[PDB]
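Here is what each chain is made of, one letter per residue.
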Amino acid sequence: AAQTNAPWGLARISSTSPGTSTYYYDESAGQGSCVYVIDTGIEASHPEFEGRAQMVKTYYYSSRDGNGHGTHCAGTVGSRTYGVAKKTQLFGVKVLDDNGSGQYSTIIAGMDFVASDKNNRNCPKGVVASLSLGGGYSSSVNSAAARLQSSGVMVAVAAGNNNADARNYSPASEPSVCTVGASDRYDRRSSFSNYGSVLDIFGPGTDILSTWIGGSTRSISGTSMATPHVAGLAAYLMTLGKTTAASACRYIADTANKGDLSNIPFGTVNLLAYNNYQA
């Protein structure tokens, strides 16, 4: 399948070179997989989700995304126009309030919730979790992410936007989950993107067009934006039978565009998420 005039990030993950505008992908599109978007919520109403998005848990007095961040992230995972895995099932877990903040105790509970709730759901091709969130180093937060991964979920987390070593951030610094840095449309490291040995992969993170609340769209930047590219790619690849939740991060690194990014500090991987789709 091919999507004409796709957002640059989607075109990027189906090309070996930057600058293209078509997203090439296998028509299975992540059907039969599920991605949990652990964030500010999802506006499931949005026509771009085509009924494939639903809230399953909230930690605040409402399950509505009053911010947009979570809806944007979910759109990059799985919306019809802006999504990597256009047929995946999307589950919203609202651990962040409408200012985009949340306590670590709440984020940990949300991760534990997904580890159990996936046993309530029909996800025959496997389960992914996208965590476009983080703060300072926490062993408890790292352990929660490691438990979610161990339970059989492919966990992708944002490296952070501090232009610093992600070793000092959580859950970015957890070794067993997939930590995602951000690049821009010219294959430069995004100016805000964290770096360091704990990063596993880069994804498109600067000027990413996706869904927004109120049935609209907008372009924003962050390692928050790169993480759902990788989470969606994982769901796409698990549907194709090419990998599993336990191995997807390594498989994505195995098959990444290698050495294409500039301003990568010494000791940080130079790998860019890539679907290697051959029509």
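Residues numbered from 1 in each chain as written, not as in the entry; some residues may be left out. Heavy atoms only, no water. Residues with missing side-chain atoms left out of burial classes, pairs and counts.

What the entry reports as its method is X-ray crystallography, with 1.64 Å given for the resolution.

Caption draft 1: Inspection of the overall build of the protein chain at higher detail. Regarding its fold elements, the protein chain presents six helices and 15 strands. When its C-alpha atoms are laid out on the principal axes, the protein chain stretches across 45 × 40 × 35 Å. Considering only intrachain contacts with a sequence separation of at least 6, the fraction spanning at least 24 residues in the protein chain is 72%. (Helix = DSSP H or I, 4+ residues; strand = E, 2+ residues; numbered from the N terminus. Contact = heavy atoms within 4.5 Å.)

Caption draft 2: Looking closely at unusual backbone geometry. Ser-170 connects to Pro-171 through a cis peptide bond whose omega is 0 degrees. Turning to its location among the elements, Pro-171 is positioned in the loop between β9 (169-170) and β10 (178-183). Phi at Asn-263 takes a positive value of approximately 60 degrees, unusual for a residue other than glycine.

Caption draft 3: Region of interest: the UniProt feature "binding site: Ca(2+) 1" in the protein chain. Under the present numbering, the feature "binding site: Ca(2+) 1" in UniProt falls on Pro-175, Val-177 and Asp-200. A maximum C-alpha distance of 9.1 Å among these annotated residues, which run over 26 residues, shows that they cluster at one spot. Its place among the elements puts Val-177 in the loop between β9 and β10. Positionally, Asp-200 belongs in the loop between β10 and β11 (201-204). A residue is classified by how much of its surface remains accessible, and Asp-200, at 21% relative accessible area, is partly exposed. (UniProt positions renumbered as here; feature names shortened; annotations may be inferred. Buried < 20%, exposed > 50% of the residue type's maximum accessible area, 1.4 Å probe, protein only.)

Caption draft 4: View of the state of the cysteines. This model, assessed by the stated rule, comprises two disulfides. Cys-34 shares a disulfide with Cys-123; S-S distance 2.0 Å. Residues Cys-34 and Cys-123 share a disulfide whose torsion about the S-S bond is about -100 degrees; that sign makes it left-handed. Taken together, the residues span a long stretch of sequence, with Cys-34 in strand β3 (residues 33-39) and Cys-123 in the loop between α3 (104-117) and β6 (126-131) at a distance of 89 residues. (Disulfide = S-S within 2.5 Å.)

Caption draft 5: Examining helix α2 (residues 69-78) more closely. Buried residues dominate α2, accounting for 10 of its 10 residues. Listed in full, the buried residues belonging to α2 are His-69, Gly-70, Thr-71, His-72, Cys-73, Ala-74, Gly-75, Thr-76, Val-77 and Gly-78. Where α2 is buried, its residues meet β3, β5 (89-94), β6, β12 (208-212), β13 (216-220) and α5 (223-239).

Caption draft 6: Broad picture of the packing of aromatic side chains. One pass over the structure, following the stated rule, counts two aromatic pairs. Where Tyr-23 meets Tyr-25, the ring centres are 4.9 Å apart and the plane angle is 25 degrees; that geometry is what we call stacked. The exposure class assigned to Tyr-25 is buried, which follows from its relative accessible area of 12%. With a centroid separation of 5.0 Å and an interplanar angle of 55 degrees, the aromatic rings of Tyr-36 and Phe-91 are classed as tilted. Of the two residues, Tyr-36 is situated in strand β3 and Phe-91 in strand β5; the sequence distance between them amounts to 55 residues. (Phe/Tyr/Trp six-rings, centres within 6.5 Å; stacked < 30°, edge-to-face > 60°.)

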